[PDB]
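Chains, contacts and geometry: an overview
Chain by chain, the residues run as shown.
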Amino acid sequence: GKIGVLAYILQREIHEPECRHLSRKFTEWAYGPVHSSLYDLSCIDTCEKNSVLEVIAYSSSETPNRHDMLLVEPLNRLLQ
Amino acid sequence: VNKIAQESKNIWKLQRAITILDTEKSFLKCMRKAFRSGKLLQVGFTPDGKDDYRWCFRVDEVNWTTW
Amino acid sequence: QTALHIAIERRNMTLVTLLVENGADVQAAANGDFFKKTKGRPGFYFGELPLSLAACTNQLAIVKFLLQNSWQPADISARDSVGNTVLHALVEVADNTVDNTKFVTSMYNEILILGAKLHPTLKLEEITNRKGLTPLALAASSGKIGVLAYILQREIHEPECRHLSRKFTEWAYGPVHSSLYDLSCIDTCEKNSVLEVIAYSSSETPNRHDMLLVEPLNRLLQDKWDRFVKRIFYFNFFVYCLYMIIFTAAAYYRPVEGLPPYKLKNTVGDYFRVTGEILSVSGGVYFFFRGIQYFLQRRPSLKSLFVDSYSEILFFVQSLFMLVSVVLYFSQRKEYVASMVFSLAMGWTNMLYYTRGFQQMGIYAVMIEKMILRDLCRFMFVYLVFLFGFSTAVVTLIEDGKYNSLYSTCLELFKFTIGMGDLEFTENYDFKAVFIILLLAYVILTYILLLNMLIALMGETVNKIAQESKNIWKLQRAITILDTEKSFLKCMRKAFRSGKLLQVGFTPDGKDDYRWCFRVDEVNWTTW
Amino acid sequence: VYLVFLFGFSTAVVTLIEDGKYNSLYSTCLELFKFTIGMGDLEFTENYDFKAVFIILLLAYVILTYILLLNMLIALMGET
Amino acid sequence: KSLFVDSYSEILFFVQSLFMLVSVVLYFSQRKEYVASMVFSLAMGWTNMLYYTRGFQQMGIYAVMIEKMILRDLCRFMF
Ligand SMILES: C=C(C)[C@]12C[C@@H](C)[C@@]34O[C@](Cc5ccccc5)(O[C@@H]1[C@@H]3C=C(COC(=O)Cc1ccc(O)c(OC)c1)C[C@]1(O)C(=O)C(C)=C[C@@H]41)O2
Ligand SMILES: C=C(C)[C@]12C[C@@H](C)[C@@]34O[C@](Cc5ccccc5)(O[C@@H]1[C@@H]3C=C(COC(=O)Cc1ccc(O)c(OC)c1)C[C@]1(O)C(=O)C(C)=C[C@@H]41)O2
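How each quantity is defined
- Residues numbered from 1 in each chain as written, not as in the entry; some residues may be left out.
- Chains lettered and ligands numbered in written order.
- Part of a larger assembly, values for the part shown.
- Heavy atoms only, no water.
- Patch = residues over 30% accessible without salt bridge, like charges linked within 9 Å, V, L, I, M, F, W, Y side chains within 5 Å.
- Areas by Shrake-Rupley, 256 points an atom, 1.4 Å probe, with all protein chains shown as cover.
- Salt bridge = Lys/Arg side-chain N within 4 Å of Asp/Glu carboxyl O.
- Helix = DSSP H or I, 4+ residues; strand = E, 2+ residues; numbered from the N terminus.
- Buried < 20%, exposed > 50% of the residue type's maximum accessible area, 1.4 Å probe, protein only.
- Axes fitted to C-alpha atoms, helices over the stretch in contact; angles between N-to-C directions.
- Parallel < 35°, antiparallel > 145°, perpendicular 65-115°, else oblique.
- Left-handed = near helix turned anticlockwise from the far one by under 90°.
- Contact = heavy atoms within 4.5 Å.
- Near = heavy atom within 4 Å.
- Polar contact = N/O pair within 3.5 Å; in protein donor to acceptor, adjacent residues only side chain to side chain.
- Pairing = 2+ DSSP bridges.
- Buried area = accessible area lost by both parts, 1.4 Å probe.
- Nonpolar A, V, L, I, M, F, W, Y, C, P; charged D, E, K, R; others polar.
- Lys, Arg positive; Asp, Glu negative; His and termini not counted.
- Charge placed at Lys NZ, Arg CZ, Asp CG, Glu CD.
- Expected span 1.5 Å × (residues − 1).
- Bend = angle between axes of the 7 residues up to and from the residue.

Method-wise, the PDB entry is recorded as coming from cryo-EM, at a reported resolution of 3.03 Å.

Before going further, it helps to examine a nonpolar patch on the surface. All names here are of chain C. The grouping of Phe235, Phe238, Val239, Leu242, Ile246 and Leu279 at the surface amounts to a nonpolar patch, some 530 Å² of accessible area in total. For the nonpolar patch, the element with the highest residue contribution is helix α10 (residues 215-252), accounting for 5 residues. Looking at the secondary structure, you find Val239 in helix α10. Looking at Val239, the relative accessible area reads 35%, which means it is partly exposed.

Let us look at the packing of α10(C) against helix α17 (residues 432-487) of chain C. Residue and element names in this part refer to chain C. Axis separation between α10 and α17 bottoms out at 10 Å; the angle between their running directions is 60°. For the element pair α10 / α17, the angle class is oblique. The element α10 and its partner α17 pack so that their crossing is left-handed. Only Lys474, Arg477, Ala478, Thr480, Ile481, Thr484 and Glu485 of α17 make contact with α10, whose side of the interface consists of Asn218, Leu221, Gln222, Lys224, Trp225, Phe228, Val229, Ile232 and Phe233.

Near ligand 2, the surroundings consist of 20 residues, among which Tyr8(E), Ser9(E), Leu12(E), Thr47(E) and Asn48(E) are the closest. One finds residues of chains C and E in close proximity to ligand 2. A distance of 3.0 Å separates an oxygen atom of ligand 2 from a polar side-chain atom of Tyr8(E). A distance of 3.0 Å separates an oxygen atom of ligand 2 from a polar atom in the side chain of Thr47(E). Here ligand 2 loses 83% of its free accessible area of 840 Å² to cover by the protein chains.

All names here are of chain C. Taken in spatial order, the 3 strands line up as β1-β2-β3 in an open sheet, and their pairing is antiparallel. Either end of the sheet is taken by a strand with one partner, and the two such strands are β1 (167-172) and β3 (518-523). With strand direction ignored, the average angle separating the axes of adjacent strands in the sheet is 30°. Across 6 bridges, the pairing between strand β2 (residues 176-181) and β3 is antiparallel.

What follows deals with the interface of chain C and chain E. Listed as interface residues are 27 residues of chain C and, on the opposing side, 24 residues of chain E. Buried surface at the junction of chain C and chain E, both sides included, amounts to about 2300 Å², of which 90% is carbon and sulfur. Counting the surface chain C buries against chain E, the share from its top three residues, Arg378(C), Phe431(C) and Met453(C), is 22%. Linking chain C with chain E are 0 salt bridges. In this assembly, chain C and chain E are joined by 0 residue pairs in polar contact. Secondary structure elements with two or more residues in the side of chain C that touches chain E: α15 (362-397) and α17 of chain C. Considering each element in turn, the side of chain C that touches chain E owes the most residues, 13 residues, to α15(C). By residue class, the composition of the side of chain C that touches chain E is 21 nonpolar, 3 polar and 3 charged.

A surface patch of like charges, here positive, comprises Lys230(C), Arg231(C), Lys490(C) and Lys494(C). Tracing the sequence through the fold places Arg231(C) in helix α10.

Take the pairing of β1(C) next. Residue and element names in this part refer to chain C. As paired elements, β1 and β2 share 5 bridges and run antiparallel to each other. Within β2, the position partnered with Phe168 by the bridge is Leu180. The turn linking β1 back onto β2 is made up of 3 residues.

Pairing is antiparallel in the open sheet, where 3 strands are placed in the order β1(A)-β2(A)-β1(B). The sheet terminates laterally at β1 (25-30) of chain A together with β1 (57-62) of chain B, the two strands that pair on one side only. Going across the sheet, the axis of each strand differs from the next one's by a mean of 25°, ignoring polarity. Pairing between β1(A) and strand β2 (residues 34-39) of chain A: 5 bridges, direction antiparallel. Pairing of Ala30(A) across the sheet is with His35(A), part of β2(A).

With 22 residues, helix α1 (residues 5-26) of chain B should reach 32 Å at 1.5 Å per residue; the first-to-last C-alpha distance of 32 Å fits that figure. A maximum bend of about 30° is found in α1(B) at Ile11(B). By the burial criterion, the buried members of α1(B) are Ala5(B), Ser8(B), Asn10(B), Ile11(B), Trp12(B), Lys13(B), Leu14(B), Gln15(B), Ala17(B) and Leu21(B). Contacts made by the buried residues of α1(B) are with α2 (52-57) and α3 (73-79) of chain A, α17 of chain C together with α4 (59-71) of chain E. Just downstream of α1(B), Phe27(B) is the residue with a positive phi angle, here 65°.

Here helix α16 (residues 406-417) of chain C is 12 residues long and its end C-alpha atoms lie 17 Å apart, about the 16 Å a rise of 1.5 Å per residue gives. Burial within α16(C) is extensive, with 10 of its 12 residues counted as buried. Within the sequence span of α16(C), burial applies to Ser408(C), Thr409(C), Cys410(C), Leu411(C), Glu412(C), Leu413(C), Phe414(C), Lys415(C), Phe416(C) and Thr417(C). Those residues of α16(C) hidden inside the fold are in contact with α15 and α17 of chain C together with α3 (51-79) of chain D. Two residues or fewer after α16(C) comes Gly419(C), characterised by a positive phi angle close to 65°.

As a further point, take the site of ligand 1. Around ligand 1, the structure places 19 residues, and the nearest of them are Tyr310(C), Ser311(C), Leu314(C), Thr349(C) and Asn350(C). One chain alone does not account for the residues near ligand 1; they come from chains C and D. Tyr310(C) places a polar side-chain atom, nitrogen or oxygen, 3.0 Å from an oxygen atom of ligand 1. Here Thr349(C) contributes a side-chain N or O atom positioned 3.0 Å from an oxygen atom of ligand 1. In the complex, 83% of the free accessible area of ligand 1, which totals 850 Å², lies under the protein chains. Of all the elements in the fold, those that place two or more residues in the shell around ligand 1 are α13 (310-330), α14 (336-349) and α15 of chain C together with α1 (2-16) and α3 of chain D. The greatest single-element share of the shell around ligand 1, amounting to 4 residues, is contributed by α13(C). Here the residues of the shell around ligand 1 sort into 15 nonpolar, 3 polar and 1 charged.

And the structure:
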């Protein structure tokens, strides 16, 4: 339920040489207030065992931000 | 109810997510289309000379703040 | 999209200068789907033109350069694919926040000043888009309360731009001062008066409740009310009360012989009865055609039909029940009674329509409308699920009794809700323990849990909609005013108030401007 | 507001009733008022034709007054 | 402990099915008490319809409140 760390990781963008591959969010274009990103979605949608969606959905209900963690941009858009 | 209205507001989304995962796990038809977003080349330049395909998902967003 | 759009949106003054110098087209329209409203897809609408692009982005220097450069001046009056000019675009980009309103109104004013200085004969604010909306009408329809509030009381203190003002200060003592508001296209105009645009809003408009608090509109509506409309409204209410009394009396003394229509007897009471029936049917026809007129004029979209125009639906349905009753009456079917009573019931409850427009009692009817549409419907779905589930269980358990049917057992379980549940209404079963356990579970789940949950949820909704109802009062008063003025039944011109006064008499040219100003004295005890 | 609802539905019901014991504004108004105090009979007469109309009117009156209006009164009184 | 504060709807659907199967067993065991089981399943079968109201922003709140109230507040009040 570490919503802050999760929101950081899922939206991480690193603007420097030799570390762009570490990013998970990539900005293609941005005109006004509107901009189009690409999110990695490795281990969010599907993976071997612990997809993020599967981990959140099957949380034990003691997890603090289980309700709010799905508001993080890539997950909310992916689920919709 | 005055204290749990806020929680229920998002429990909506949570239950929708649970429904989605169960539907994808059952699926009853050997369907692969449930895996969305397409296999795109993101950078093409790892630390070595290989190119990376990472199944990226496009999200356009509009924010009227932080000008 | 062209290089000029990129330079402007990148905020590159130098590149914009170079591109204009090199023959860039300042009228090039970026008319891709990305640059349109297109609510189902991402995008950014800005009016499609470099000038509107600069204006919407709060780049005043580029606006001035594009308007008055040496190489290619921009057409201040040019219109995009929607017909929108720069000012329409500026109205579009507003979002009613403090800084957004600040810069948008500043840019709007600066564009008006520049338009006057470059084209004194040009009236930007009269230009309409493809929907027929001026920037004022667009701001009114879209609920941009900040822009509307700016425009309606705009006062410009400089030579050769006083004619652009809409508010003029005649004299000022201390906290008190007397102004004149322009009232062009507020009170009346060709199509889109501001009052008509606000009143007939689609109920998704954000500030439709609050926009009528803006000083000139609030004062104008109160003046219209007191001078003209209050008496007509009370007369209409009185006539409706008489109509419902006549309808009630005529229905109450209906004859009880079979097979209508009933032969008229040569006696006084029957002449009064048939007279009342004729008046009742007449009122039904009147409301039927009034409802059709409403629907044709407004054309609600089958979702606005109930969340708005609710009272018009109820009046129309009343008239439909009346007319169906008439048809059955002359078709020699007693079932006309079945129709008539429904109309009669509706006819009385529609009296609550007239309580809206009173700041204390109208809130009650507004709450009834909102509750019935949303919260009662959701509650009744859940309740009916419980009721039907347990009724089916109990009637399955009962074997060959008096009840032994979905109707009887559903009614008997419903009686628990109204505090009349028998709890031993039958013994025609085996397993008394099962029967009583089912009944106790149903009682606890509905009577104790669900009803108190309903009380709590209704408390929350009432706490949340009292604030909105406080202004919905004034909104309904405005709607009443506009309908009364449109009907008017007497060819009266006095409804057009405020008198034809001279503001300046000195436009950019030698003509004089009479603009139907409205005097408003205001008192402010703050900002000393 | 309550008396508007009560009178409207009382007039409807007494119009529907034909030549009964009740068949009068006073008796039917009193009988419908009994629903407010948790004593509504709900089958207080059969002297009509169209039982469906009668029961639909009574159920609509009950839902509008007993369930909606009284709880709305509770909410408004809480606010006051 | 998670069995009721979470997975509540799964418990209710499972209990419905248990009542159904007990009814079948009693039915073929030549006991009329199968009726006693069946009606409970029938009642549960209808109220479990509320499971499908969750996942709708407006309707689902009602069922969520029912779940939480039954588990906590109604139990304390009823004691
Ligand atoms: C949703 C609308 C179309 C509605 C129209 C009719 C059939 C109505 O049943 C309802 C359905 C209903 C029935 C029973 C309980 C709740 C809801 O509610 C209203 C509608 C419900 C009402 C509620 O009372 C009011 O709305 C009065 C009123 C309030 C605010 C207004 O602005 C207003 O303007 C006309 C009228 C009373 C009835 O019209 C009535 O008297 C009878 C016989 C049935 C009621 O349908
Ligand atoms: C605690 C659980 C295991 C529970 C299971 C059964 C026995 C139940 O009795 C209860 C005990 C009870 C009985 C009577 C009043 C309150 C509580 O409540 C629920 C449970 C209580 C319910 C309440 O209705 C609901 O929970 C519907 C529902 C709401 C939210 C959901 O996510 C849901 O998913 C299935 C279902 C209805 C019954 O299942 C029902 O229809 C009968 C015959 C008894 C009710 O036990």
